[PDB]
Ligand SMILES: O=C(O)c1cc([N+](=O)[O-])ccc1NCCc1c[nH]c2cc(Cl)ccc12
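Before any questions on how it binds or moves, here is one chain, the form deposited without the named molecule, in structure tokens.
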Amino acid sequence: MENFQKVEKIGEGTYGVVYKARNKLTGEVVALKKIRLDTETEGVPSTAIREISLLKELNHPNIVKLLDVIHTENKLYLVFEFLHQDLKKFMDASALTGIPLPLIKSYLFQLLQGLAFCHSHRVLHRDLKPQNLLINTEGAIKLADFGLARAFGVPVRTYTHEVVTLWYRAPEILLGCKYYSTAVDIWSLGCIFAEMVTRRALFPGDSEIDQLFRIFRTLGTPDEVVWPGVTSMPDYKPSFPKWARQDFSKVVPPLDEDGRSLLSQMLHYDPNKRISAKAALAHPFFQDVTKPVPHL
């Protein structure tokens, strides 16, 4: 670590502190994820082993790049490329005017390019939330913080039961589904898409159940016809409030028809009907391929 000068702390993600820092030799600016190891009863935590090993396999323009892994006395540093801020601080800094809609084509398109790459590599991200969405000054936007990612098998088996930050968690998870795979990431992106337009979380649940009911209020409570199986899922309760699918212009006005189409295909209740990242890329909505420089 003699070749790195820490500039300032950038924040804590899934595990340990991130730093802005400069490569002393080349002057390159990087992010430095620190992992203190004498804090850790289990040695290198599983989240770090997964992130490192997954990101050594994953090289894509829309995935933050792991540049190096450095081990010094009691510490593990992950050297990442530098980007300028997360989408949550960008959104809320532009929360008065809103975020211009050509950038919401750009960012949802790029984010789907990333995710489609992950899924072809059989990686679930499982934490697509704007704080983990980096967007830099050239405008590109990159998936980041794979500390909660998992490689899925063919076939899958039951994985970790509660995953994704609550505002972005898919209904199958809330109901305790035995199996999930790629759909849970697509759901998350929908919550983010509408969070870009409404400049406010589509489902800002304060609880597990409150997140469930935010979903029901907005999409309608599902039934054995829209999602065959719901009634036999473990955490399904008959007592839920039957709500009405509020038109896709109320829950989210700025949208045109296609914005409403795409988003509703991404928020389909049945994981098996919900759109793939590949298909979402082929949706009409991504016909104009805008790439604007943001304000920062």
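Note that residue numbering begins at 1 and tracks the sequence as displayed. Each form is matched to the other, and the largest set of C-alpha atoms that superpose within 1.5 Å is called the rigid core.
We do not show the form solved in complex with the named molecule, though everything after this point is about it.
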(request) Identify the site as open or blocked, taking the pose of the named molecule in the deposited bound form and overlaying it via the site C-alphas; a blocked site has 3 or more ligand atoms within 2.4 Å of a backbone or C-beta atom of the shown form. (result) blocked
(request) Report whether the minimum heavy atom distance between residue 103 and the named molecule in the deposited bound form is within 4.5 Å. (result) no
(message) in the deposited bound form, does residue 118 come within 4.5 Å of the named molecule, counting heavy atoms only?
(response) yes
(request) Please run the contact check for residue 52 against the named molecule in the deposited bound form: heavy atoms, 4.5 angstroms, yes or no? (result) yes
(request) Check whether residue 233 has any heavy atom within 4.5 Å of a heavy atom of the named molecule in the deposited bound form, and answer yes or no. (result) no
(request) Give a yes or no on whether every one of 66, 149 and 154 sits within 4.5 angstroms of the named molecule in the deposited bound form by heavy atom. (result) yes
(request) Would you mind picking out the stretch of 191 to 199, 204 to 212, 71 to 79, 104 to 112 that comes within 4.5 angstroms of the named molecule in the deposited bound form, counting non-hydrogen atoms? (result) 71 to 79
(request) Could you check which residue among 123, 141, 174, 99 gets a heavy atom within 4.5 Å of the named molecule in the deposited bound form? (result) 123
(message) If you fit the rigid core and then compare C-alpha positions between this form and the one not shown, only one of 158, 120, 97, 137 moves by 2 Å or more. Name it.
(response) 158
(request) Answer yes if the CA of residue 193 moves 2 Å or more between this form and the one not shown after aligning the rigid core, and no otherwise. (result) no
(request) Examine residue 23 after superposing the rigid core and state whether its CA is displaced by 2 Å or more between this form and the one not shown. (result) yes
(request) Tell me, please, whether between this form and the one not shown the C-alpha of residue 268 is shifted by 2 Å or more, with the rigid core used for superposition. (result) no
(request) Pin down for me whether the residue 35-residue 184 Cα distance shrinks or grows in the deposited bound form relative to this form (closer or farther, change of 3 Å or more). (result) closer
(message) Flagged pair residue 76/residue 123: C-alpha distance shifts by 3 angstroms or more in the deposited bound form. Which direction, closer or farther?
(response) closer
